[PDB]
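Close look at the chain arrangement
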2 protein chains.
Amino acid sequence: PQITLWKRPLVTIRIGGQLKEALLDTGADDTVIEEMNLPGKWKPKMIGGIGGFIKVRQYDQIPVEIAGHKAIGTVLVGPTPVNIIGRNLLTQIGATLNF
Amino acid sequence: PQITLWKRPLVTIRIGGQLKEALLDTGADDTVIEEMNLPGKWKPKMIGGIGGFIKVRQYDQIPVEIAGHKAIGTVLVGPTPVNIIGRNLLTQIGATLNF
Ligand SMILES: CC(C)CCN(C[C@@H](O)[C@@H]1Cc2ccc(cc2)OCCCC(=O)N[C@@H](CC(N)=O)C(=O)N1)S(=O)(=O)c1ccccc1
């Protein structure tokens, strides 16, 4: 599909058996999901942006479906105000920026 | 052009008569630039990011050339980790997400 940017590019994703709304974010290196109780081992880490840093839990090899497209990779879970799909997973569904 | 996301989508922009590097950020509502001197009046504003809110200077109707494409719009100047081109200007140059 082709998504215009008049509105935030929010799409439905499926992770850990649950459906959620997330932002297709070309400015995010990593994928950051709102606090959820995913099973599996994780490592702590801190990511930063405007406003500072937040602590998150890094989960590897998590399957994620983005608008019907399958992807699998690292997902960071923490107190983010919005679910963010980053470049690490955008590259897997063949997403590009065009202008 | 068509930009893939294996690398950060950084491009050269021209603002205030000077060249800078900035990230095409579909996950950003606004365009935020590292502190610099821009001509014109500005108004204090607060914007939020992943880690919280920061104070920025708001400049309106500023001409910005992004990879040869012109845009004229609001530019926020403040302590951001990286220069970002948000949806407010990306829509002006007709940028879309495709996959
Ligand atoms: C500097 C840049 C390196 C930031 C990379 N990041 C992506 C970026 O798209 C972020 C993502 C985002 C964060 C919060 C949020 C919405 C989206 O809710 C607030 C809505 C207001 C808004 O849109 N805020 C923009 C800035 C602005 N006001 O225009 C913003 O901060 N957007 S990040 O900090 O979230 C990250 C860092 C590390 C790994 C993944 C994501």
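Quick notes on the rules
Residues numbered from 1 in each chain as written, not as in the entry; some residues may be left out. Chains lettered and ligands numbered in written order. Heavy atoms only, no water. Residues with missing side-chain atoms left out of burial classes, pairs and counts. Near = heavy atom within 4 Å. Polar contact = N/O pair within 3.5 Å; in protein donor to acceptor, adjacent residues only side chain to side chain. Areas by Shrake-Rupley, 256 points an atom, 1.4 Å probe, with all protein chains shown as cover. 1 Å grid on protein atoms, 1.4 Å probe; cavity = no way out; pocket = protein on both sides within 12 Å on 5 of 7 lines; lining within 4 Å. Sits in = over half its atoms within 2 Å of the grid points. Helix = DSSP H or I, 4+ residues; strand = E, 2+ residues; numbered from the N terminus. Least-squares fit on C-alpha atoms. Contact = heavy atoms within 4.5 Å. UniProt positions renumbered as here; feature names shortened; annotations may be inferred. Pairing = 2+ DSSP bridges. Axes fitted to C-alpha atoms, helices over the stretch in contact; angles between N-to-C directions. Salt bridge = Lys/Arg side-chain N within 4 Å of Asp/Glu carboxyl O. Points joined across faces, edges and corners; volume = space filled by probe spheres on them. Nonpolar A, V, L, I, M, F, W, Y, C, P; charged D, E, K, R; others polar.

Points about the site of the ligand
Near the ligand lie 24 residues; those nearest to it are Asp25 of chain A together with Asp25, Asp29, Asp30 and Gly48 of chain B. Nearby residues place the ligand at the junction of chains A and B. Between the ligand and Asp25 of chain A, the relevant distance is 2.7 Å, taken from an oxygen atom to a side-chain nitrogen or oxygen of the residue. Taken by itself the ligand offers 760 Å² of open surface, and the protein chains cover 92% of this. When atoms are counted within 2 Å of each cavity's grid points, the one that captures over half of the ligand is the largest pocket. Mapped onto the shell around the ligand, the elements with two or more residues apiece are β5 (43–49) of chain A together with β5 (43–48) of chain B.

Some words on the relation of the copies chain B and chain A
Between chain B and chain A, the superposition needs a rotation of 178° and an axial shift of 0.0 Å, giving an RMSD of 0.5 Å. The superposition of one copy onto the other is thereby described by a two-fold rotation axis. Closest to the rotation axis within chain B is the C-alpha of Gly51 of chain B, separated from it by 2.1 Å. Both copies contact each other with a shared surface, as 92% of the interface residues of chain B are interface residues in chain A too.

Digging into the UniProt feature "active site" in chain A
Taken from the UniProt record, the annotation "active site" applies to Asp25 of chain A. Tracing the sequence through the fold places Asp25 of chain A in the loop between β3 (18–24) and β4 (32–34). Setting aside its immediate chain neighbours within four residues, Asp25 of chain A contacts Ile84, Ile85, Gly86, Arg87 and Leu90 of chain A together with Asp25, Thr26 and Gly27 of chain B. A distance of 2.8 Å separates a polar atom in the side chain of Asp25 of chain A from the backbone nitrogen of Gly27 of chain A.

What about the sheet that holds strand β9 (residues 96–98) of chain A?
In space, the four strands of this open sheet follow the order β1(A)-β9(B)-β9(A)-β1(B), with antiparallel pairing throughout. Only two strands of the sheet have a single partner each, and these edge strands are β1 (2–4) of chain A together with β1 (2–4) of chain B. For this sheet, the mean angle separating the axes of adjacent strands, direction not counted, is 25°. Two elements, β9 of chain A and β1 of chain B, share three bridges in a ladder whose sense is antiparallel. For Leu97 of chain A, the partnering residue across the bridge sits in β1 of chain B and is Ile3 of chain B.

Quick notes on the pattern of salt bridges
Using the criterion set out here, one finds eight salt bridges over all chains in the structure. Bridged by salt links that share partners, the residues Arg8 of chain A together with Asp29 and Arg87 of chain B form one connected network.

Let's talk about the environment of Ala28 of chain B
Residue and element names in this part refer to chain B. With respect to the helices and strands, the residue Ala28 is situated in the loop between β3 (18–24) and β4 (32–33). The spatial distance from the C-alpha of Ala28 to the C-alpha of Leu76 is 12 Å, given a sequence separation of 48 residues. Not counting residues within four places of it along the chain, the set of residues in contact with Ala28 comprises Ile84, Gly86 and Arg87.

Let's talk about the layout of surface pockets
Its boundaries defined by the atoms lining it, the largest pocket holds a volume of some 890 Å³. Forming the boundary of the largest pocket are 32 residues, of which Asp25 and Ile50 of chain A together with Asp25, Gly49 and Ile50 of chain B lie nearest the centre. Of all the secondary structure elements, the ones that give two or more residues to the lining of the largest pocket are β5 of chain A together with β5 of chain B. In terms of residue count, the dominant contributor to the lining of the largest pocket is β5 of chain A (three residues). Taken together, the residues that form the lining of the largest pocket break down as 16 nonpolar, eight polar and eight charged.

Re the interface of chain B and chain A
Each partner contributes to the interface: chain B provides 39 residues, whereas chain A provides 36 residues. Elements with a contribution of two residues or more to the side of chain B that touches chain A: β1, β3, β5, β6 (53–66), α1 (87–90) and β9 (96–98) of chain B. In terms of residue class, the side of chain B that touches chain A is made up of 20 nonpolar, 14 polar and five charged.

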